[PDB]
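One chain comes next, on its own, written as structure tokens: the form deposited in one PDB entry.
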């Protein structure tokens, strides 16, 4: 039984792949729309019959809290019982994990080409790792090396309070608080949050935001067509740095801080020139605590899939 099933579901998209159990290598990736199938189980059935593979074991990352046996997505209508699904497909193992648990578990598998460093020096081996990423949501997980085991620590850290550093970011906080209630980091660091930032800068200035999508703000910011857009993106990069630096301090993250691509590669050279690193380190006397911690942009295309394979293989008894 050479392959296990691996997957990465985020709102409407479900990508399934094969992981070679011996090497952890990913192959035969294929994507489906969630709108076209009534459940994750149905798309797995289709994927498996459609290639011609027999699997016993699988691991699927989902972009929502995995809190127990019943999983209900927020950004799509799928809702399912893990145990019910494992039974129905006849698997021996069926791990459902959070998407950032999966991304954290890809970290040990990542090599230099997959990483772009933004500041700091070198990781201190065996020391904790933080991973986060702004996409549809703000994801955060942590990773620690205990013995020979990579231990991911999943959370919902994208939902902590947003911490403004300026009178300006504070007016933005007020505006968003006036309109929604609790303002989380996710409210500003994500696709939707980039748009929240734009609307709020424009609104702070008593003007009327146009109905822009995240790709629009990014598009105009890079093109220089919109100073509001460029301000939104600039602030986003700054809040991004501060947020990651907070994670570095909170768990003593000398093994490094990882950003899981998401929206960021869409604007790599803008990010590269931004205040990101300097926001990362802007921690008063604690600048020196975080100053040598490296940040890496993860640029693998499918870290969720890789991470799912890694998580499974460790569960299967393998050492990475």
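Numbering follows the first chain given and starts at 1. So that the term is clear: the rigid core is the largest set of C-alpha atoms that superpose within 1.5 Å between two forms.
The next section is about a form of this same protein that is not shown, the form deposited in another entry.
S.K.: Can you tell which of 79, 204, 124, 180 moves its Cα by 2 Å or more between this form and the one not shown, with the two forms laid on the rigid core?
M.R.: Spelled out, the residue whose C-alpha shifts by 2 Å or more is 79.
S.K.: When you overlay the rigid core, is the Cα of residue 266 off by 2 Å or more between this form and the one not shown?
M.R.: Where the cores coincide, residue 266 shows only a C-alpha shift between this form and the one not shown that is less than 2 Å.
S.K.: Under a superposition restricted to the rigid core, does residue 34 display a Cα displacement of 2 angstroms or more between this form and the one not shown?
M.R.: It does shift by 2 Å or more.
S.K.: After superposing the rigid core, is the C-alpha displacement of residue 50 2 Å or more between this form and the one not shown?
M.R.: Yes, the C-alpha moves 2 Å or more.
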